[PDB]
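To start, the structure under review is shown below, and the notes come after it.
Values quoted throughout were computed directly from the atomic coordinates according to the rules given, and no laboratory measurement underlies them. Virtual Cβ from ideal backbone geometry, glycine too; neighbours counted across all protein chains shown.
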Amino acid sequence: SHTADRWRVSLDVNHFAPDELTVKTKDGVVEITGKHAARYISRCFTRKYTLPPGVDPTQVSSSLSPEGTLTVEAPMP
């Protein structure tokens, strides 16, 4: 009766070791992009997730734990 459903995904970003991360929510999709600056090779990753129907893109939040886990989440409609 009192459930506040949440969509959530987590990404282990430790191995990639991104110097920059971007979380971009658009057209029922969350797009996570990471870049690792060349210490000779530039490296980039992009990972996309389909959102449950009805999710408000302005309510998508994200954070990076000390242990290198990127969490992205949003309230369910």
Can you list the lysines whose alpha carbon sits under 16 Å from that of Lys35, skipping same-chain ones fewer than 8 residues off? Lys24, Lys48
About the Cα centre, and with charges only on the beta carbon of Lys, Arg (+1) and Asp, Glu (-1), how big is the dipole of the chain? Nearest 20 debye, please. 240 debye
To make sure I understand, if each residue's beta carbon is the centre and we count other beta carbons within 10 Å, what order do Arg47, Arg39 fall in, fewest to most? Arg39, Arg47
Largest-first ellipsoid semi-axes for the chain, taking √(5λ) over the Cα gyration tensor eigenvalues, angstrom: 27, 14, 8
